[PDB]
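To start, the structure itself, in structure tokens.
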Amino acid sequence: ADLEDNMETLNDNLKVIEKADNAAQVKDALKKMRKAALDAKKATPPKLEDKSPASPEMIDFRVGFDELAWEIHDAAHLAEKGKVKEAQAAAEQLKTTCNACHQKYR
Amino acid sequence: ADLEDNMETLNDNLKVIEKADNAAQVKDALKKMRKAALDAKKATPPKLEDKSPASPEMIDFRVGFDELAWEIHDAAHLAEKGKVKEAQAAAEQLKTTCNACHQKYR
Amino acid sequence: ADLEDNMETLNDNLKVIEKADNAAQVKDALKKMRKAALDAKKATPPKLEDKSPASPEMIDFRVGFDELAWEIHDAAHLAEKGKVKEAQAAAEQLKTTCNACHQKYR
Ligand code: HEC
Ligand code: HEC
Ligand code: HEC
Ligand SMILES: [Ca+2]
Ligand SMILES: [Ca+2]
Ligand SMILES: [Ca+2]
Ligand SMILES: [Ca+2]
Ligand SMILES: [Ca+2]
Ligand SMILES: [Ca+2]
Ligand SMILES: [Ca+2]
Ligand SMILES: [Ca+2]
Ligand SMILES: [Ca+2]
Ligand SMILES: [Cl-]
Ligand SMILES: [Cl-]
Ligand SMILES: [Cl-]
Ligand SMILES: [Cl-]
Ligand SMILES: [Cl-]
Ligand SMILES: [Mn+2]
């Protein structure tokens, strides 16, 4: 999928997690975020189309999705230990990672 | 190890997992797959030797191993909860990720 | 942070883990290592400054941090099951991955 669709998947599943009522809903949404995050990592964002494909900005951009994916996995660890409300709080904390990339490249 | 060796390791351990009799055999084989997947990520496949090293195809290629490593990890989570049959089924499902890359770059 | 700050973080938290007294201290230190590992992945090490940004050495370098992050996570799994001493042993074993990269690019 393209970058925008992957971002909407990220945003949609954050709101699913917030409203989720059991561990299985959280874990399924988190899996969809991780998939979207890895798929977004294949893209060139519009503000970096003029840079080299392995410029430090494109590397930083791509590693940003590794960091997002690992943080998502931390939340997944909380959810499958049954710590649903802790997992939902960790999901909401992902926004600091969303924001950090946006302020640089969005 | 070179790309072909890593691919044989991936294929060999898929069959070890299929025939495994306990969680420890599944976990050990999945670990060897993840290692092989990350090692394969360092290579240039023959069909992409003419593209630039960070072309969209080489990025798609490299991220394909991230996707495979995470999917392997999902199976390891099943095997660590002692859900051996589920872990074996998830390992069989990895083939859709194997295939998807092959049809583009093999 | 820059590359050498991330390396000091990696080295400091290895010593924290060696001296840790409970799972929480191991888990917290491992997570600082993973973060530092992914951040170091964004850098160009002095010995590769003259190489192409996606040369096979820079790819090998960056994948070295994926391998390090996954090995850290393996130790994190041990510590999350309360196997504190096994987690500490695995953290010591990380040094073979530290060394392997240093001998090539440090
Ligand atoms: C891309 C992201 C890939 C993923 C994921 C997997 N494979 Fe693969 N494979 C890929 C390429 C580009 C090649 C060509 C290698 C060459 O130099 O010819 C291959 C090759 C194989 C082979 C045959 C290797 C040989 O005998 O010479 C096998 C058996 C194989 N791949 C298996 C395999 C499996 C089981 C995977 C998932 C678990 C898998 N591959 C992932 C690219 C990619
Ligand atoms: C590559 C894939 C590496 C891995 C994995 C690890 N390190 Fe590293 N390290 C690497 C380089 C290229 C450098 C040179 C940095 C420079 O700017 O000169 C380093 C450096 C260090 C240092 C010294 C840093 C300093 O004090 O200036 C230390 C203490 C260090 N590295 C430790 C370390 C540990 C403990 C690792 C594993 C847990 C590790 N490194 C991994 C490249 C790579
Ligand atoms: C970089 C490493 C990013 C991370 C991590 C996240 N996002 Fe992002 N996002 C990024 C870019 C470069 C763009 C611009 C895309 C474009 O083509 O214009 C975006 C965009 C979005 C959007 C808007 C998409 C749209 O509706 O057109 C949303 C809603 C969005 N991003 C949300 C989002 C969330 C919730 C993230 C993590 C929790 C996140 N993004 C991570 C770059 C990066
Ligand atoms: Ca896509
Ligand atoms: Ca839009
Ligand atoms: Ca609800
Ligand atoms: Ca190799
Ligand atoms: Ca058997
Ligand atoms: Ca677990
Ligand atoms: Ca940094
Ligand atoms: Ca120093
Ligand atoms: Ca110094
Ligand atoms: Cl996850
Ligand atoms: Cl790259
Ligand atoms: Cl990468
Ligand atoms: Cl794994
Ligand atoms: Cl971890
Ligand atoms: Mn895990």
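Protein chains in written order, with PDB author numbering: chain B, 1 to 106; chain A, 1 to 106; chain C, 1 to 106.
Just so it is clear, CB atoms sit at the ideal spot from N, CA and C, and this is done for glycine as well.
Proximity test, residue i beta-carbon vs ligand 18 heavy atom, cut-off 8 Å
| i | result |
| --- | --- |
| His-73/A | yes |
Residues that residue i contacts on chain C, provided the C-beta gap is smaller than 9 Å
| i | result |
| --- | --- |
| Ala-69/A | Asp-66 and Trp-70 |
| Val-63/B | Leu-38, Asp-39, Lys-41, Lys-42, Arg-62 and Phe-65 |
Per-residue contacts from residue i into chain A (C-beta, under 7 Å)
| i | result |
| --- | --- |
| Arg-34/B | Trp-70 |
Residue i Cβ short of 8 Å to ligand 3 heavy atom set
| i | result |
| --- | --- |
| residue 113/B | Limits of chain B in this structure are 1 at one end and 106 at the other, which puts residue 113/B out of reach. |
Cβ-heavy atom distance, residue i to ligand 17, below 8 Å
| i | result |
| --- | --- |
| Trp-70/B | yes |
| residue 125/C | Lying before the first or after the last residue shown, residue 125/C is absent from chain C, which here runs from 1 to 106. |
Distance cut-off 8 Å: residue i Cβ against heavy atoms of ligand 15
| i | result |
| --- | --- |
| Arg-34/B | no |
| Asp-60/A | no |
Proximity test, residue i beta-carbon vs ligand 13 heavy atom, cut-off 8 Å
| i | result |
| --- | --- |
| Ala-76/B | yes |
Any non-hydrogen atom of ligand 1 within 8 Å of residue i CB
| i | result |
| --- | --- |
| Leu-14/A | yes |
field: Interfacial residues, the region 36-60 of chain B to chain A, with Cβ spacing under 7 Å
entry: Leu-38, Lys-41, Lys-42, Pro-53 and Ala-54
message: If you measure from each CB to the nearest heavy atom of ligand 10 and keep those under 6 Å, what residues do you get, in chain order?
response: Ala-1/C, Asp-39/C and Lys-42/C
query: With distances taken from each beta carbon to the nearest heavy atom of ligand 8, which residues come in below 5 Å, in chain order?
result: Summarising the contact set, residues whose Cβ lies nearer than 5 Å to any heavy atom of ligand 8 are, in chain order, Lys-19/A and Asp-21/A.
Neighbouring residues (CB closer than 5 Å to any heavy atom of ligand 2): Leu-3/C, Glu-4/C, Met-7/C, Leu-10/C, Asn-11/C, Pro-45/C, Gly-64/C, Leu-68/C, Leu-94/C, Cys-98/C, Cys-101/C, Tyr-105/C and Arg-106/C
- prompt: Which residues, in chain order, sit with a beta-carbon under 5 Å away from any heavy atom of ligand 14?
  reply: The filter returns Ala-54/B, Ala-54/A and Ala-54/C, in chain order.
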